[PDB]
Amino acid sequence: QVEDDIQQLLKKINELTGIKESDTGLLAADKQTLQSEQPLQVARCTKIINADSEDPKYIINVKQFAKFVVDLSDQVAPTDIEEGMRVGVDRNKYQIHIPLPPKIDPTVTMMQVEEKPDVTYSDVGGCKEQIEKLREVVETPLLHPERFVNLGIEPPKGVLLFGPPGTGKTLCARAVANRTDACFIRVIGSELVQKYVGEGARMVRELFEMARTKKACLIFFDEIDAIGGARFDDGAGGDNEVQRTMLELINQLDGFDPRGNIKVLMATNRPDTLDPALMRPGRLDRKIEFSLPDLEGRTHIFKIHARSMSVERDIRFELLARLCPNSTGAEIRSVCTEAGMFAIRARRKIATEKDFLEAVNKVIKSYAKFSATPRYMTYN
Amino acid sequence: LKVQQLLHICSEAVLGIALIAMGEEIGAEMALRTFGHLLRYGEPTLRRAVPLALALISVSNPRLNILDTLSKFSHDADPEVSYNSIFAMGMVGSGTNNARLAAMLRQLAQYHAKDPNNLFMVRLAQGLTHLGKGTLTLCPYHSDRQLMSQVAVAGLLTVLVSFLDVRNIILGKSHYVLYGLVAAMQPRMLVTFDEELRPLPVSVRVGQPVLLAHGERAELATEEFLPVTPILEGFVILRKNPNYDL
Amino acid sequence: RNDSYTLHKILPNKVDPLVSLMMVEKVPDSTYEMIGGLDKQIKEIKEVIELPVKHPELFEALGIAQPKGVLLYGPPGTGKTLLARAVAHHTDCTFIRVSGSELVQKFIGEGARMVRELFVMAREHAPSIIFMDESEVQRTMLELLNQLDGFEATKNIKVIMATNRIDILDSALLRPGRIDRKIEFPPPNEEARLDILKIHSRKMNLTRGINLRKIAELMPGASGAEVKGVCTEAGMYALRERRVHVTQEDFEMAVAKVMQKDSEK
Amino acid sequence: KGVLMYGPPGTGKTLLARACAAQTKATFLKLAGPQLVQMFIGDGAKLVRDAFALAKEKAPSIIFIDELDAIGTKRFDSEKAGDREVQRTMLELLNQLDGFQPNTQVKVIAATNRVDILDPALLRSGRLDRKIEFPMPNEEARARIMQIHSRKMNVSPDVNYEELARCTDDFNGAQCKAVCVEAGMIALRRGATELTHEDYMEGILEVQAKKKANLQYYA
Amino acid sequence: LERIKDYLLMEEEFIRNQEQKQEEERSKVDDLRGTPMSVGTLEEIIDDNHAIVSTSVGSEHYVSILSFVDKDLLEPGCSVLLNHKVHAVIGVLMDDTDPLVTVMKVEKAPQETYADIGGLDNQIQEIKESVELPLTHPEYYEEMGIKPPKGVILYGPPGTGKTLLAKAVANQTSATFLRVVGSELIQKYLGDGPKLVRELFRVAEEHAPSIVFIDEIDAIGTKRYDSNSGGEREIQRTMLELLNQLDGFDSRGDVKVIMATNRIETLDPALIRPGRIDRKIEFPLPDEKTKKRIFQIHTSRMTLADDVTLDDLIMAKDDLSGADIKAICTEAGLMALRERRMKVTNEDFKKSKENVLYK
Ligand SMILES: Nc1ncnc2c1ncn2[C@@H]1O[C@H](COP(=O)(O)OP(=O)(O)O)[C@@H](O)[C@H]1O
Ligand SMILES: Nc1ncnc2c1ncn2[C@@H]1O[C@H](COP(=O)(O)OP(=O)(O)O)[C@@H](O)[C@H]1O
Ligand SMILES: Nc1ncnc2c1ncn2[C@@H]1O[C@H](COP(=O)(O)OP(=O)(O)O)[C@@H](O)[C@H]1O
Ligand SMILES: Nc1ncnc2c1ncn2[C@@H]1O[C@H](COP(=O)(O)OP(=O)(O)O)[C@@H](O)[C@H]1O
C-alpha cells in the first residue's frame, strides 16, 4: 500500500497539475483548413462518355442526372483523361475540374487483408515438399525476380492446393500472406455467388481490377468448389449462374489479354469437382497435394504442436505418431491439447505418456466415426 | 504529462511529443498507435522529429504502419522527409528491424540510391540498418535488471537538440552527433550466464538462436531455467536443479 | 422547418407498423358468442391461455413452467382461427397472423433476414397471441418455439399453430413437451351444426316455421364454413325470388346447392 | 458468315483469335461471353446491339466471343424459375447475327470448350457458318509446340523432342507448355546454364500431376 | 489509514476527471457545421481528409472532414455527417442499432442452472471445462501451452438435454450469447446463406468473446424447404460458408462454438473435423438414476403428492428422455388446474403419462 499510496498521490499530481494550465490557455488544425477548404470545393463526380477533337469539349454522363458535353479543367491535359474514367466536375459550371480513379465497389476492398495472419513456416511441419514448390509459385517470383529472367522463363503464375480436410492448406495461405510481402487477397467463393443475375462477374473483375493496379499481388481462393467447379447442363439450368462466374474467373484468369502479376492460390478439399478450364495449365499450373502425414512427418507435427507447452520430456512423440496411421495434422492437434484437459482434469502441470496415449485413444479412436478424412480422401 | 499536457499545450513545440517517444512504454500504447499520427502532422518539426522520436519507441514499441507511410511521405512535401525517411528507417531499423519493424527493413533493403545524398543517407541508413549486424535493442534498462538507467536517458534528448537544431537550419552543419545514443545502445540481448559467473558455457530454453550460452542473443525471453532475483524477460543468469544441476 | 430543417412541430400519430400488418392480414375479428361446438377446446384454450395469463401466479403458485405454444388440428373449415381470434380478442392480447407474405415483411420487418423480428413486435404489444395457418410454416413456428423455450426472456406470448392432419407436421415439433396443450377439433354434427346453423341463420332475416335441425340432418360432412354457405344461399335463393323473408324451403335447397359444391371439387 | 471454335480446353483457340487480332488489320472486336451477362433487365441486349453497331461503323471487324456458353445455353421450359437474360441476350444476339436485316460487314468468331450446351439456333449454319474442331494434337505437333516454348530459354544439345513428344499422353497444347514451364523452373534449381533432356522428362514427370506413389511394388 | 489517503486520491481523480476561447472554439466547431446537416454514405477515401461519398439521392461529392473526429474512425461505404452545401464530411457516425445484433444477442438470463440438469455430469464437465472454464478461470492453459476446446458439438435423440446445456451455461455465463438456428440459416434468396453466417460471426467477433450457438445444425441438410434456390447446391455453400467462417484464415479469436444436432450422421465431415469442432459430446437418454434426479427436480418444485413415487414413472416408459418426464410433470399441472386441486394425485400423472407418452 505504501508503494500503492505513492502511486495514487503521484497520479493525483498530474490530475491536479493538468487542471492548472488548463485554466491558463482558455480548432485551427482544421477550422483554418476547414474554412480554408470551405472556400474550396465539391465537384459532382462524372462518368465520361468520351472526348472529341479539333478542339476538346469532353462529353460526359454524370450519374443521377445525365449527359452534358462540357469543358474540362484547364489544369488537365487533353490526354490524362481517357474514357471510362470517373472524373470530378465543377458542380455548377459543369466543367471537368479534376481527374480520379476507378471504382472497385465496397466488396473487393473489404477483402484486401490489411493485417497478416501469424503463421510462419515453423508451424508447417511435414511438408518439405508442399511448401517447397509453393515458395516457387509465390515466394521466389515475388521477391528475387532476377533468375527467371537471367534464364528467361515464367513461374507457375497460379497454383493449386488440395487434400482432405485438415492437411494445412489454409495455413499455407496464412503462411504465405505472412512471410510474403505482396498483396494477399483473401477471396472465398462463398463471396462469389450472390442474388441478382450476373453479379459475380463484377467481383472477379474488381479482383482482377484491384489485382492489376497493384503489381505483384496473391489472389487466393479457398473453397473454390463454392465459386464453380463443374459445368453441368440440362432442363433445369441450375448451377448455371455460378458456372459463368467460374467462366468469368476462367476467362480473366488466363484467356486473351494477359493477366499480369496476379499469382493464384486455390484451396480445396475436393480437387475432383473442378472444371478442366480451371485445372489446365496456364490458369492452374503447379498442382500440389497435401498428404496425410506418414511417420517422420507427424513427429514434426507433434513436436511442432507440443513444442509450445509444458510436456513431459521423457515421453517420445514418436510412439504416439506410430499409433497415428492416417490422421491429418489437425486431429494430432486435438491430442496435444486434449492432454491439456486430462492434465488439468487431475491437478498437474506436466502431462505423461498415457495422457497422450489416452488422448490418442481418446481422440483419434473415439472420434473415428466422424473423421471424414477417409471419405474426403477419395474426394466425395 | 505527455499527451494530456502537450495535447492541451499544443492546441493552446513541434518537438513537443518528440521527447515523448522518450520514456516510452507509452510508445506502444500511444507512441506506436498515435506516434504515426503525430508524424502525419503536416508540421515538418513533427515530420522531422517523430521519425527520430520513433527510435526508442521502435526499440520499445516500434510499429510497421507508418513504417511504410514514411516511404509514401518520403518525397510528399519534402526530400528531407525522404532524407529522414531513409535516415529515420535506418534509425528505428538500426536496432529494431524485422519482427516489429518488418515493413521497415524491407524498404531500406529496397532503398539504394536515387541521389548521392540519398545514397549517402542510405549508406548511412543501410549501415544503420545493419548497425550491430542488424541486431540491437534500445531500452532504458538493459536486460531484466528491473531498474531504470538515467545514463542513457541522458544520451537521448542530447541527440534530439543535436539533430533537431541543425535540422531546423540547413541540411547538416556536421555529422559527428550520430552516436550520442551509444551511451546505452545495447544489442538484441539475452545475457544468459552460469553459476560461477565470468563468461563460460551455460544454456537456456530455445531461442529463435539455440540454447543461449553466456550472453547469447535474443530479446525478451521467458525461459525454462531460473534467474537469481525475479525471473524475467531479458538478462537471466542460470543455476540448475541440484539433481539435474548444471 | 422546411429550409431550416429543424423541427417545426411534432404531428400527431404515427400509424404503427404491427397494426398495419394486422390490417393487411385482415383476420376476422371474432367474439366468442359465435362458434358453438367449441368449448372443450375453449376450456382447454382458456386453460392453456386465459388462465395462464389472467393469473400466471396460478401455475407459478403450483410450480409448473406455464406454457407458450399450442396446436389445433382437424378438418379444414370448422372454426379454428376463431378459437385463436376469439380468445385473443377476449384476451386483450395482440393477435398476430404471421404467414409468409412479402407484403407483411416489408411493413413490419424491414426484410431483416429471418423471423426473429416478428417477435420484437409481439413483445412490444405483449400479451400477444401469435397464430399461423397451414413444411415452411412448421419451421416458422419451430424457430419461435425455441425462442420461448427458456431462452428469450420477457413473457406473455402464445404461438397458436393450428393446422390440419397432425400426421403432416414434422416430428421435431412433437417431442412430447413442446406443444403444450394439443387440442383437436371435432367434425360438426347435428348439434354443433344446429348451433352453428342457428348462429349464422341468425344474421339474416329468417322467418318462422323454420326447423334448422331438419336442415343439419340432411347435412352430413360439413364444417364451420360449409353451413355458412348454406345459409347464404338460402338468402341468395330468396333474394332471387324477390322475397325479403326466407322460409324453410330455401334452406332445404341450399343444402343441395352447397352439397353440390360439397360434392364438387 | 463467321466461324465457331470448339474442342479441348487447352488445344489452342484464344491464340487463333490472338493470331487474327494481330493479323486481320481489321478492327479487332474481342468480347467475353460473361460480360454480356448483366443485371439490369436490358444490358445484355443493349450491349450486344451496342457492340453489334460499333462494329458496323468501322468495317471491317472481327468480334471475338470467348466461351459462347457464357451466353450460350439451350433454353429449357420450366415453371418456378429460369434464365431469362442469358436466354434473351442470346435471342437478342441471335436476332442480331441473322434475322431481320442481313449484314456481311462483321465477322463473328466464337470459341467454346464445349459445343453442346450451346442452343441449337446459334450453330445452324447461317449464324456461324463453319464448325471448326480443335483436336488435341498428335506428337510432331507436340514436338512442334514444345519447340516454340523451348525456343526462348537456353537449351543445349540433348533434348530429343520426339521422345518427350512420345512420352506425352493426351496433352492438350498448354500442358506441353506447362511441362515446358515446369522443366524450366526445374532446370533453374541446380541453376544450371541451359536446360537438358532430364529436366523435360521431369516437367512431364510433374506437368502430368499423377499423385505421389507408394505403388513401388508393381513388377 | 492510507486507505483514506487512497480513497480521497480516488476522489481527487474523479474531480479532475469531471473537471473536463473553447466555448467559441466549441461553437466554432458548431458554427463550422450546419443546422441542419446531411446524412451520407462513405465510398472511397483519401489522405486528403476527403473522399467521394454516397447518397440515396446519389450525389457524390468530394469533401473534407471537419477535423477533430477522424477518417480512420470509419471505413469506406459508411454513412457520414455531410453538410447540405458540399455535403462536407462534418464527422463520423455510429452504425445505429442494426436488426442483427438484437435478434442474435440474448441479453436477459437464460434461466435454469448447472444444478437443474438431473442425470448428466461428464457431459457437463466436458462442456464447462472446455468452454465455460477457459472463460472464467482461464489461467491453466496459459501454462500448459494448450488453448481451449475450439468448437463443441452436442447430439443425441430428441430430449437428451442438449438445449439445457446451452441454457445452463447461459444461466451463469458472462459472454455474449448468440443464439442462431440453422433452420434460419436457410432463407429464400440466392447467396443469402453466406450473409447470415458472416453477420452472425461478424456480430460475434465484434461483441468480443462470445458464445455462438447453433442448435439443429442438422436442419441445414436434413431439409429442403419449398421457397428456396438453389435447391441443395446452395445449402452446400452455406455449409461451406459455415465451415469456412467457423474455421480458417484471418484469426477467429474468442468465438466459441456450440452445435446442437440430434443426428450426427447428416453433418458434413468438414464441420465435425477437429479444429472446427473438437469436443464431441453425447446426451444419453436417462435410465433409472438420472431420471430420478430429473423427476425429483421437476416434481420437487411443486405440490407433488408426496404419496406417489416418482419411481413408478421412471420404471414406466421404456426409454423416455428428460422431456417426456417433464411433460408428465406438467400434465398433472393442468390436471391439477382442471379439477381445481392445489396438489396433484396419481391418475393426474397417469393420464399425463398416458396422455403424453402413449398418445
Ligand atoms: N502439417 C501440419 N503442420 C501444422 N499444422 C497442421 C498440419 N496439418 C494440419 N494442421 C492444422 O490443421 C488445420 C487444418 O487446416 P486446413 O487444412 O486449412 O482446413 P481445411 O482442410 O478445412 O482447409 C490447420 O489449422 C493447421 O493448424
Ligand atoms: N364452430 C363454428 N361455429 C360457427 N362458425 C364456424 C365454426 N367454425 C368455423 N366457422 C366458420 O368458418 C369461418 C372461418 O373458418 P376457419 O375455421 O377460420 O377456417 P379453418 O377451418 O381453416 O380454421 C368463419 O366465418 C365461421 O363462420
Ligand atoms: N498449337 C499450339 N501451339 C502453341 N501453344 C498452344 C497451341 N494450342 C494451345 N496452346 C496453348 O494454349 C493456351 C491457350 O489456350 P486456349 O486453347 O486458348 O484455351 P481455351 O481454348 O479454353 O480458350 C496458350 O497459352 C498456348 O500456349
Ligand atoms: N434431464 C433433464 N434435466 C433438465 N431438463 C430436461 C431434462 N431432460 C429434458 N429436459 C428439458 O426438455 C427440453 C429438451 O430440450 P433439448 O435437450 O435441447 O432436446 P433437443 O436437443 O432434442 O431439442 C429442455 O428444454 C429441458 O429443459
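Residue numbers (the deposited numbering), protein chains in the order written: chain H, 47 to 72, 80 to 433; chain Z, 607 to 618, 653 to 848, 871 to 908; chain J, 117 to 250, 267 to 397; chain M, 221 to 439; chain I, 65 to 84, 91 to 429. For each residue, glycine too, the CB sits at the ideal point set by N, CA and C.
Secondary structure at residue i, three-state DSSP: helix, strand or coil?
i	result
residue 316 of chain J	strand
residue 361 of chain M	helix
residue 723 of chain Z	helix
residue 362 of chain H	coil
residue 275 of chain H	strand
residue 787 of chain Z	coil
residue 385 of chain J	helix
residue 352 of chain I	strand
residue 368 of chain J	helix
residue 268 of chain J	helix
residue 82 of chain J	Limits of chain J in this structure are 117 at one end and 397 at the other, which puts residue 82 of chain J out of reach.
residue 211 of chain J	strand
residue 337 of chain J	coil
residue 421 of chain I	helix
Anyone know if the C-beta pair for residue i and residue j falls short of 8 Å?
i	j	result
residue 353 of chain I	residue 193 of chain I	yes
residue 147 of chain J	residue 241 of chain J	no
residue 394 of chain I	residue 128 of chain I	no
residue 299 of chain H	residue 160 of chain H	no
residue 223 of chain M	residue 348 of chain M	yes
residue 384 of chain H	residue 344 of chain I	yes
residue 104 of chain H	residue 112 of chain H	yes
residue 553 of chain Z	residue 618 of chain Z	Any property of residue 553 of chain Z remains undetermined from this structure, which presents chain Z solely from 607 to 908.
residue 316 of chain H	residue 272 of chain H	yes
Verify the contact flag: residue i, CB atom, against every heavy atom of ligand 6, threshold strictly below 7 Å.
i	result
residue 613 of chain Z	Ligand 6 is not part of this structure, which contains only ligand 1, ligand 2, ligand 3 and ligand 4.
Which first and last residues belong to the alpha helix (DSSP H) in which residue i is found?
i	result
residue 189 of chain H	183 to 190
residue 295 of chain H	293 to 307
residue 241 of chain I	232 to 242
residue 131 of chain I	First-last for residue 131 of chain I: undefined, no H or E at that position.
Starting from residue i and walking both ways along the beta strand (DSSP E), at which residues does that stretch end?
i	result
residue 98 of chain H	97 to 103
residue 236 of chain H	236 to 239
residue 283 of chain I	280 to 285
Taking only the alpha-carbon atoms, compute the straight-line gap between residue i and residue j and give it to the nearest angstrom.
i	j	result
residue 291 of chain I	residue 341 of chain M	40 Å
residue 245 of chain H	residue 253 of chain H	5 Å
query: Is there contact here, the stretch 175 to 185 of chain I with the stretch 352 to 365 of chain H, by at least three beta-carbon pairs under 8 Å?
result: As far as the Cβ criterion goes, the stretch 175 to 185 of chain I does not touch the stretch 352 to 365 of chain H, which means the pair count is below three.
- request: Count the CB pairs spanning the stretch 318 to 336 of chain H and the stretch 270 to 290 of chain H that are closer than 8 Å, and state whether there are at least three.
  value: Of all C-beta pairs linking the stretch 318 to 336 of chain H to the stretch 270 to 290 of chain H, three or more are shorter than 8 Å, placing the two stretches in contact.
- prompt: So, do the stretch 327 to 347 of chain J and the stretch 362 to 381 of chain J have three or more beta carbon pairs nearer to each other than 8 Å?
  reply: yes
task: Would you check if there are 3 or more beta carbon pairs closer than 8 Å linking the stretch 296 to 309 of chain I to the stretch 200 to 210 of chain H?
output: no
message: For the pair the stretch 95 to 104 of chain I and the stretch 147 to 164 of chain I, tell me if three or more CB-CB distances fall below 8 Å.
response: yes
- prompt: How about the stretch 249 to 267 of chain I and the stretch 230 to 249 of chain H: do they share at least three Cβ pairs that are nearer than 8 Å?
  reply: yes
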